[PDB]
């Protein structure tokens with residue numbers, strides 16, 4: 001839910017397990033996701049014990065009609081989002097994890113895996129990009145409703 | 001004994017209770033991110049010679 | 001009745017405001033693509049030099 | 001491009017509503033279209049609602065938000081530049097140097 | 001405003017005209033203008049660049065530097081005393097009055113920030129104006145004046161979207 | 001006879017293909033050149049005076065005598081006319097004799113008297129030798145040297161403020177001592193303008209230079225590095241691990257008085273630092289840096305006043321005079337007022353009660369000022385990353401290992 | 001462990017509360033500055049190692 005809000009895009013996955021002893025095929029596209037360090041070990045241990053299904057969504061004819069008519073008034077809610085403080089704890093949690101990821105990437109360069117810094121850079125990029133998008137909506141609101149005067 | 005969350009103002013003879021709590025969790029995470037980025041950039045620059 | 005124009009004078013000041021914001025996005029979005037594609041193209045040139 | 005499209009459509013909807021109300025105002029003032037004390041009175045009440053939040057506390061808070069995202073963006077750009085510097089040095093130590 | 005343009009013009013004349021050594025009235029203007037911007041590092045190195053021949057022939061130049069010594073030592077009463085000592089019309093005199101006004105603004109802005117409570121005589125000496133004139137001016141401004149102790153209590157006084165798009169364009173690529 | 005042919009061979013390469021033969025023509029020149037070159041310079045400005053004039057003038061300065069009788073001033077004006085509107089295009093290939101000409105002009109002006117105008121002309125040559133984001137050309141040192149002798153640092157700053165990448169060589173044309181001189185003289189320029197941040201940076205970059213033998217430029221830059229670090233920072237800034245071994249082996253114990261100065265500075269005692277300054281006064285005056293050590297004494301007093309902010313809020317002027325060791329509240333008020341004006345301390349003066357009130361709250365970080373500051377700092381990091389992208393791309397194009 | 005300020009005029013010991021935001025911003029901005037200086041330094045180090053600029057022994 002946290003990433004859904006922060007990214008402005010639904011973060012959902014559908015999965016099915018393999019029976020004990022059964023080996024998966026060559027297939028496994030694996031769309032990249034930032035996994036926090038406290039979870040990455042367990043993720044890696046069990047990632048090949050299941051597979052991901054192709055997810056799609058649907059709505060009814062009435063849902064279609066109602067959602068267009070809902071939009072005729074729901075537009076107001078898009079210009080009053082306030083996403084930066086709704087789930088503020090997520091970005092802080094990610095930064096808290098990012099710092100330990102950067103500690104590990106520093107330890108990798110120290111003496112002597114496959115480029116932890118680039119992974120950490122993509123994570124910090126994603127988190128920052130989401131934060132700037134939040135500010136973009138805030139500035140847009142400031143431009144529309146505050147910079148008008150008498 | 002940490003039963004009462006606050007402090008005493010002995011001069012004005014009052015008890016200033018602990019209330020001022022905001023989003024301090026972000027600034028601590030940004031603080032550790034800053035420290036780790038400092039040590040990392042030093043270690044990255046250390047590579048060349 | 002006479003000063004009614006002032007209401008429109010602010011409404012238009014809001015309209016123009018929207019008309020700026022809208023165009024701003026249209027431009028910024030375009031720039032966000034203009035950079036992306038360019039970078040991709042540049043990457044495709046760097047990647048073509050790996051064969052040499 | 002995909003993140004500001006919902007805002008662009010919302011602003012377009014607002015701009016349409018604003019234009020329709022503005023055209024009603026001009027039609028009433030110019031004449032021919034029936035004059036209404038009550039509707040134009042509400043349009044006057046709507047005009048006086050702008051700008052929304054011009055208080056100093058809101059300015060401090062808005063700039064607090066902006067500086068927080070700003071500082072975060074600066075630390076993020078630092079991380080990316082730290083990585084670009086690492087790539088460059090890793091390649092430089094191979095081509096221009098013998099490790 | 002226009003003094004900065006005359007400074008740049010004098011800075012060009014400093015190297016274009018010589019010849020080895022530049023013109024003495026231009027040296028005088030350059031020195032006094034270097035005092036006007038408070039750039040004492042430029043003024044000290046300009047004075048030491050002057051040959052002893054112009055230093056002896058043009059004593060008025062030494063009279064301009066005598067102000068600089070006081071600016072370097074930060075002795076305000078001495079600055080106001082040294083300003084009102086020499087006369088060099090059209091060349092140095094029209095900018096010395098601008099230096100006097102600038103030193104007055106600098107001293108007033110310093111006292112307004114650095115002091116809570118200051119002796120009226122010290123403040124008058126800091127601004128150059130007499131005690132009565134200074135106390136009158138600050139009471140008209142809004143500073144808390146106190147008699148007997150003779151204390152003055154001073155009162156301390158796309159555009160955005162394009163940048164953000166560039167930041168995201170940087171991070172995302 | 002031969003001098004009448006070479007000019008005709010310059011016009012043959014003019015507006016054509018390669019000019020490597022012209023580089024060979026300047027390389028050979030004529031060895032035992034005659035005065036006739038001056039006459040050949042009368043009818044030489046056909047296209048843009050060409051590269052021939054560079055060879056002529058370079059030889060004129062290579063003479064080791066005259067260089068153009070007591071009328072050398074005419075030659076100087078000719079050199080000016082060669083740099084100003086003449087300039088050139090293929091200077092990139094003729095860099096050796098060009099930098100050599102600038103070095104000889106600099107050495108001649110240093111050996112003579114006042115080198116003021118020499119700066120004004122040199123900046124143009126530099127402007128035409130560098131590319132766009134500026135390159136570290138040898139002439140950059142000469143300019144500094146000239147403006148360090150003819151006390152005028154003001155027009156030399158635009159070439160010093162840029163943190164230029166890649167040293168311009170092209171057909172040799174570069175020596176380590178020119179790099180060392182540029183950063184040492186540049187460091188002295190920034191020290192003279194009291195810009196201790198860039199000064200410390202420049203001295204640090206002058207020390208980092210790889211070396212097998214110890215040079216006096218490195219010793220003096222190291223001494224001035226310690227002094228500036230004691231002024232700017234509370235202690236001596238650690239030099240990088242990639243600094244030359246000769247620095248820690250030879251330079252460090254040679255400038256022992258400076259580390260002894262830092263050792264006394266660390267005790268936060270002004271009277272003892274005063275005793276040590278009086279002890280090695282002859283050594284400090286011998287290095288010609290007496291003044292920076294007085295600034296170290298004043299910065300120690302400033303450091304002692306700065307340390308009061310961490311413990312006190314409202315402190316008496318007499319208590320400050322007793323703790324910092326200034327003798328009298330008058331000197332304490334002077335020091336505090338100077339420190340507030342220079343933006344070194346965040347305090348206020350109460351004359352009535354004779355108190356100093358420390359605030360220590362410059363900003364709350366809600367101004368747009370910080371927004372513009374962060375935007376500018378981020379743009380500096382973005383500039384740095386784009387430069388690193390260009391360097392990385394340039395390396396990716398080059399052959400594998 | 002004492003995080004206080006002494007008010008020697010009125011002889012009162014006031015407890016010091018660290019402004020979280022300002023301290024975080026201050027040290028982050030200073031880290032960015034130190035990072036930029038280290039980057040300029042290594043940029044010049046890359047340039048000297050590329051052009052082989054070094055002091056010869058004899």
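Every number here is computed from the coordinates shown, using simple stated rules; none is lab data. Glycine also receives a Cβ, built like all others from the backbone with ideal geometry; neighbour counts cover every protein chain displayed.
Here are some notes:
- On Cα atoms only, tilt of C:5-46 relative to the major axis of chain C in degrees: 0 degrees
- Cα gyration tensor shape of region F:1-131, rounded if a/c is under 1.5, else prolate or oblate by comparing a/b with b/c: oblate
- Mean ellipticity per residue at 222 nm, deg cm²/dmol - from DSSP H runs of n ≥ 4 across the protein assembly as shown, formula -39500 (n - 2.57): -20000 deg cm²/dmol
- Part-to-part distance (alpha-carbon centres) for region E:7-41 and region F:296-345, which is given in Å: 37 Å
- Computed from label points 7 Å out along Cα-Cβ, the spacing between residue A:56 and residue B:18 is 5.6 nm.
- For the protein assembly as shown, the antiparallel share of DSSP beta bridges with both residues in that region comes to about 80%.
- From the largest down, region E:98-144 spans 29, 22, 18 angstrom on the principal axes of its Cα atoms.
- Dimensions of the protein assembly as shown along the principal axes, based on C-alpha atoms and rounded to the nearest Å, stand at 102, 91, 77, largest first.
- Spin-label pair residue D:60-residue F:256: with each label point 7 Å from Cα along the Cα-Cβ axis, the two points sit 6.0 nm from one another.
- Region D:1-56 and region A:1-59 have their alpha-carbon centroids 47 Å apart.
- FRET efficiency, 1/(1 + (r/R0)^6) with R0 51 Å, evaluated for residue E:23 and residue F:11 via beta carbons: 0.75
- Alpha-carbon radius of gyration plus Dmax, which is the widest Cα pair, for region F:231-343 in Å: 16.4, 50
- Note on B:4-14: average number of Cβ atoms from other chains within 10 Å of each residue's Cβ is 1.
- Kirkwood analysis of the Cα pair distances in region F:204-255 returns a hydrodynamic radius of 11.1 Å.
- Between 0 and 90 degrees, the angle of helix F:368-397 with respect to the longest Cα principal axis of chain F falls at about 40 degrees.
- Prolate/oblate/rounded call for region F:87-174, Cα gyration tensor, a/c under 1.5 rounded: oblate
- Acute angle (nearest 10 degrees) that the helix F:52-62 long axis makes with the longest principal axis of chain F, alpha-carbon atoms: 60 degrees
- One Cα centroid belongs to region F:56-106, the other to region E:102-173; the line between them spans 55 Å.
- Value of Rg to Rh for chain A, rounded to two decimals, is 1.07; Kirkwood radius and Rg both from alpha-carbon coordinates.
- Dimensionless Rg ratio for chain C, taking C-alpha atoms and the 2.2 N^0.38 Å reference: 2.30
- Prolate/oblate/rounded call for region D:1-87, Cα gyration tensor, a/c under 1.5 rounded: oblate
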